[PDB]
């Protein structure tokens, strides 16, 4: 036993994770396997139902549609609704992993990232022999469209603010800083949500076909319909934060910076990432030779 500086290191899974579920939008039954991956692989989604297998790295450049969920595309092959799983992975510091899926949509589980964090954390994480690379924000980068707004600001840590503006009796602002807030405890359990009003339209378009009170906060004209209510008083805005954490992980590396979202969503989050990547003065890749002086820290593996 000796004392010295240690690099903050890349992580993969210690064991394989298998789950079965349903696609929120497609309603399809889907089998999910997460597997360990070598250093610098990133998170790569593998459609194992196809022959040959089609692999899509979870990066901003592969993002197709972003109307309802965050979708990845390569050719005519898609992987839908990647944000909640990706959010779980970013939240626990996973750099490298294969996500195999038997169908085009990640399973929705209970509508949050909780079950994923739980499955992953039961399997365990494996630190690997390479420095973890971070993306540090060095300038303000903002995108807007109409009243929607998404911003990166320099910040020595990682924090996220979000504000939504729904006119609905059921109601809007939250900030979370990973120096104090636990991702796992205060964010990961926040479920997706939908309004009864949109549901038939959505289904009329073959969207929300797997959605139910079992996997979503469902809201009618006046109230939450789920018999047992909300897991957090501000669950709705907490889920928007959960979504943003997963959409930001399409950078392919954790962030050192601050994100602020104002009625933001998947499209604008993706626009923001693209604008950031284009503006190489506004960011740089960094490592930390000494975890003790880093501005971020992680749970034991």
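Numbering follows the first chain given and starts at 1.
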{"item": "Continuity check for residue 171 and residue 172, given as deposited residues lacking coordinates between them", "value": "4 to 9"}
{"item": "Mean Cα B-factor comparison, 139 to 147 or 115 to 123, giving the higher one as deposited", "value": "139 to 147"}
{"item": "Which of 148 to 156 and 161 to 169 has higher mean CA B factor, as the PDB entry lists it", "value": "161 to 169"}
{"item": "Among 69, 46, 269, 62 - the residue whose C-alpha B-factor is largest in the record", "value": "69"}
{"item": "Maximum C-alpha temperature factor, selected from 225, 86, 108, 103", "value": "225"}
{"item": "Residue 209, C-alpha B-factor rank within chain (lowest, middle or highest third)", "value": "middle"}
{"item": "Modelled-residue ranking by C-alpha temperature factor, third containing residue 292", "value": "highest"}
{"item": "Record-listed C-alpha B factor of residue 191: chain third", "value": "lowest"}
{"item": "CA B-factor ranking of residue 274, expressed as a third of its chain", "value": "middle"}
{"item": "Residue 234 - which third its CA temperature factor falls in, relative to the rest of the chain", "value": "middle"}
